[PDB]
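Peer 1: mmCIF, N, CA and C atoms, file input-v8.cif:
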data_my_file
loop_
_atom_site.group_PDB
_atom_site.id
_atom_site.type_symbol
_atom_site.label_atom_id
_atom_site.label_comp_id
_atom_site.auth_asym_id
_atom_site.auth_seq_id
_atom_site.Cartn_x
_atom_site.Cartn_y
_atom_site.Cartn_z
ATOM 1 N N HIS A 1 -66.764 -37.465 -222.903
ATOM 2 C CA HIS A 1 -67.955 -38.131 -222.337
ATOM 3 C C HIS A 1 -67.800 -38.512 -220.848
ATOM 4 N N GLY A 2 -66.856 -39.429 -220.599
ATOM 5 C CA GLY A 2 -66.502 -39.897 -219.245
ATOM 6 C C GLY A 2 -65.382 -40.937 -219.341
ATOM 7 N N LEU A 3 -65.827 -42.180 -219.502
ATOM 8 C CA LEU A 3 -64.938 -43.357 -219.646
ATOM 9 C C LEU A 3 -64.044 -43.326 -220.899
ATOM 10 N N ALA A 4 -64.601 -42.811 -222.000
ATOM 11 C CA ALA A 4 -63.875 -42.588 -223.269
ATOM 12 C C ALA A 4 -62.622 -41.705 -223.097
ATOM 13 N N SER A 5 -62.655 -40.884 -222.049
ATOM 14 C CA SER A 5 -61.551 -39.996 -221.635
ATOM 15 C C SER A 5 -60.787 -40.541 -220.410
ATOM 16 N N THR A 6 -61.441 -41.369 -219.592
ATOM 17 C CA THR A 6 -60.813 -42.129 -218.483
ATOM 18 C C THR A 6 -59.647 -43.014 -218.971
ATOM 19 N N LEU A 7 -59.718 -43.431 -220.237
ATOM 20 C CA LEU A 7 -58.630 -44.160 -220.921
ATOM 21 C C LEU A 7 -57.643 -43.239 -221.667
ATOM 22 N N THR A 8 -57.786 -41.932 -221.474
ATOM 23 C CA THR A 8 -56.906 -40.887 -222.048
ATOM 24 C C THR A 8 -55.985 -40.298 -220.956
ATOM 25 N N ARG A 9 -56.289 -40.617 -219.696
ATOM 26 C CA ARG A 9 -55.487 -40.192 -218.534
ATOM 27 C C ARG A 9 -54.687 -41.357 -217.917
ATOM 28 N N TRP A 10 -55.365 -42.448 -217.559
ATOM 29 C CA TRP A 10 -54.682 -43.686 -217.125
ATOM 30 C C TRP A 10 -53.680 -44.233 -218.169
ATOM 31 N N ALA A 11 -53.968 -43.970 -219.446
ATOM 32 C CA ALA A 11 -53.058 -44.288 -220.573
ATOM 33 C C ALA A 11 -51.804 -43.390 -220.667
ATOM 34 N N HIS A 12 -51.702 -42.449 -219.734
ATOM 35 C CA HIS A 12 -50.543 -41.553 -219.544
ATOM 36 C C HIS A 12 -49.702 -41.965 -218.312
ATOM 37 N N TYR A 13 -50.240 -42.890 -217.522
ATOM 38 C CA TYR A 13 -49.636 -43.359 -216.260
ATOM 39 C C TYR A 13 -48.815 -44.638 -216.480
ATOM 40 N N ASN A 14 -49.533 -45.719 -216.781
ATOM 41 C CA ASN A 14 -48.923 -46.998 -217.190
ATOM 42 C C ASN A 14 -48.125 -46.877 -218.498
ATOM 43 N N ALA A 15 -48.221 -45.754 -219.208
ATOM 44 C CA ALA A 15 -47.382 -45.471 -220.393
ATOM 45 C C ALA A 15 -45.873 -45.677 -220.129
ATOM 46 N N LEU A 16 -45.487 -45.516 -218.862
ATOM 47 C CA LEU A 16 -44.120 -45.764 -218.358
ATOM 48 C C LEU A 16 -43.988 -47.080 -217.565
ATOM 49 N N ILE A 17 -45.073 -47.494 -216.907
ATOM 50 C CA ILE A 17 -45.175 -48.779 -216.167
ATOM 51 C C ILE A 17 -45.532 -49.962 -217.112
ATOM 52 N N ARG A 18 -45.494 -49.709 -218.418
ATOM 53 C CA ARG A 18 -45.762 -50.711 -219.462
ATOM 54 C C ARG A 18 -44.437 -51.332 -219.914
ATOM 55 N N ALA A 19 -44.547 -52.617 -220.225
ATOM 56 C CA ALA A 19 -43.425 -53.426 -220.734
ATOM 57 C C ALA A 19 -43.735 -54.012 -222.120
ATOM 58 N N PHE A 20 -44.837 -54.754 -222.188
ATOM 59 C CA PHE A 20 -45.298 -55.414 -223.424
ATOM 60 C C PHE A 20 -46.608 -54.799 -223.946
#
Take the structure I supplied and represent it as structure tokens, if you would.

Peer 2:
Amino acid sequence: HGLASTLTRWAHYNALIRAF
């Protein structure tokens, strides 16, 4: 759609910059 997939790419970035 748009945003529903915008959280499928950024969720691959902070996936390593995530702690908790």

Peer 1: Could you check how far atom N of residue 20 of chain A sits from atom N of residue 6 of chain A, in Å to one decimal?

Peer 2: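 Interatomic distance here is 21.5 Å.
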
Peer 1: Output as AutoDock Vina command-line options the centre and edge lengths (Å, one decimal) of the box along x, y and z of the file that holds every listed atom of segment 14-19 of chain A after adding 4 Å on each side.

Peer 2:
--center_x -46.5 --center_y -49.7 --center_z -219.1 --size_x 14.1 --size_y 16.5 --size_z 14.0

Peer 1: Would you please give, as a PyMOL selection string, all residues of chain A that DSSP assigns to alpha helix (DSSP H) based on the backbone?

Peer 2: chain A and resi 3-9+14-17

Peer 1: Would you mind reading off the distance between atom CA of residue 1 of chain A and atom N of residue 13 of chain A, one decimal, in Å?

Peer 2: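 Separation between atom CA of residue 1 of chain A and atom N of residue 13 of chain A: 19.0 Å.
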
Peer 1: Work out how far apart atom CA of residue 3 of chain A and atom CA of residue 15 of chain A are and give it in Å to one decimal.

Peer 2: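 Result for atom CA of residue 3 of chain A versus atom CA of residue 15 of chain A: 17.7 Å, one decimal.
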